[PDB]
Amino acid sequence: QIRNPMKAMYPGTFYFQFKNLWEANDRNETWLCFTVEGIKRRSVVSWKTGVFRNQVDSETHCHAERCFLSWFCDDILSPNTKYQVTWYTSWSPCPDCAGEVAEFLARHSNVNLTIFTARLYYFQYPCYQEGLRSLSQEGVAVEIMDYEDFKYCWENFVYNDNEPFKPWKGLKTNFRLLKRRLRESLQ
């Protein structure tokens, strides 16, 4: 094992990598932002934050989602405590990652997960849709990042230097196109 989570991201990187505008081209990296929240009946700690990143193809299946899964198991896990994991990924989980998550979930009954995504990854091919569809069936929330989501990420995973979040042109219209697409696919 090697991977430990980064604490945050640079404003240059975040604005580049989380662009939901139809630049399906050059973005050849996957970026995962998470929050992990422990609850011992009275909603105590833990609270954890971080950033995982990943090359889309080389390497593969030490994917940003697995990196998180692997790290989360050893370094964070506590018996008999309700967890609330939240992901904000730049690309949609591949079916493999999606399948590996479902397996991780059945093993850890005391953990819940929601995923927010900026773009939908390789979504014309059935395998990738099935993966998310499977997560929908396994009980996982899969959502498209709206305004308040990109802002939340700025307020949590970026070295923002006290600057406020500032949306890109057509962020809102992208969001809806991606919402309908995801809606139709998870019906």
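Residues carry their position along the shown sequence, with the first being 1.
A summary of the deposited B-factors shows that, of 117-125 and 42-50, the stretch with the larger mean C-alpha value is 42-50.
Here 146-154 and 63-71 are compared by their mean Cα B-factor, and 63-71 comes out higher. As recorded in the PDB entry, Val56 shows the highest C-alpha B-factor of the residues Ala141, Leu132, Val56, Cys33. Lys169: CA B factor in the highest third of modelled residues in this chain (values from the PDB entry). Placement of the Cα temperature factor of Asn160 within the chain: middle third of the modelled residues, per the deposited record. Among the modelled residues of its chain, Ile76 has a C-alpha B-factor that falls in the highest third, as given in the PDB entry.
Annotation for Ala24: CA B-factor lies in the highest third of the chain's modelled residues.
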